[PDB]
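Have a look below at one chain only, the form deposited in one PDB entry, in structure tokens format.
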């Protein structure tokens, strides 16, 4: 029996827990804004072909595929993570197209795994765009059977767009969601002004990213908290729902709430007000009725007494309920395997850097493949010029090894190229078929030269990021939901 001191054990074990939680579970990678479970689910769905170009697959298959290959944890909590990514009131830009009952903003829970189907959304397809062209580092999974991505290409700034909330050890993150078009403008400026320092860059980006854009709409009151979050990495953003005063035929007045601030449970909100009236604390209120439906959306009617002022009761609601509540912004994300609190310019810059890395790596991969194709084509072209000899050579060979060794000597060709000649179909010997090989070589060499030019010119690389992102924003960008007002 080996002895171990309790201090050594405690320190070693808890640090090991704290670190993996920080860098491997609870906090988003700055580059794609994803936690490991999110990334593994999406790639699992992606690799399984559960894409918007095909019908929704049973969500159990996505969970099972994630479990068996990438995420060595329980099916239940994995399904919860998948579900959340399909809720329009949770994610500003849903990554999962959910079919069935995925719950509500209230206490209505999502249906069980068996009842729901799911597939990736178009934007999630941009998260994974060209992941198979060595655009991101892959590592072996939890048992080494297969490979998994360390990070996704993330061809749109998902961290800032969808935000992130996470409780780790010793620290936590709480990044709000933002409008894609505004983020795009910030990225476009960052690309054009690639030499601008942090001071200038922060000023530019803050001018374009006016503030967070919550999926639940509502209101942002004030500007200081937003500024603090972007300049410090921490700030308190005051959120409000929308209230519209209605009058009655009798002359009675009622407050109609049609929006609530981000992450306010609708049923808890109604129950809170109810409890805050049944025993006083919100006098002036006469009746609370939830006239909500799938067709009219949120609609909480607050009938008030004749001897009551509308704004007084509204101000009381702001004070004593989550009709007005603040978002505790804390811009914490993993950067190069280290947790870091980031300014807005840093968040933009780190993402732009990732995009450039993606585009260069993609270009490198395409350039390598282009050369391989060109290499073999050159081999075929040589065979065609001496086709009479090549065929006679192969025919007179007792084996294919003899033929291959001969081809190498005949045409002064590599073994890979000679292998391609041998694998050539009789189809490819037709007049027009011989011609396409020639043209294809001419086609590729132009492509090779183009790719080389891209790698040689940072300007083109930045231009590609801009143009490709612009295409995404034009297609998948939407209007602002949260309205920003002054004090």
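Residue numbers count along the first chain shown, from 1. Rigid core here is just the name for the largest C-alpha set that superposes within 1.5 Å across the two forms.
Mean C-alpha B-factor is higher over 312-320 than over the other stretch, the pair under comparison being 312-320 and 357-365. In this crystal structure, the stretch out of 285-293 and 80-88 whose C-alpha atoms carry the higher mean B factor is 285-293. Among 346, 265, 216, 253, the highest C-alpha B-factor recorded in the PDB entry belongs to 253. When the C-alpha B factors of 42, 449, 63, 57 are read from the deposited coordinates, the top value falls at 449. Ranked by Cα temperature factor within the chain, residue 51 sits in the middle third according to the deposited record. Among the modelled residues of its chain, residue 179 has a C-alpha B-factor that falls in the middle third, as given in the PDB entry. Looking at the C-alpha B-factors along this chain, the one for residue 231 belongs to the middle third. Remark: residue 340 belongs to the middle third of its chain, ranked by C-alpha B-factor as recorded. The deposited CA B-factor of residue 428 belongs to the highest third of values across its chain.
What comes next is about the form deposited in another entry, which is not displayed.
Superposing the two forms on their core leaves just one of 340, 305, 231, 368 with a Cα displacement of at least 2 Å between this form and the one not shown, namely 305. Once both forms are fitted on their rigid core, the CA atom of residue 473 lies less than 2 Å apart between this form and the one not shown.
Fitting the two forms on the rigid core leaves the C-alpha of residue 74 displaced by at least 2 angstroms between this form and the one not shown. Put the two forms on the same core and the Cα of residue 248 is off by 2 Å or more between this form and the one not shown.
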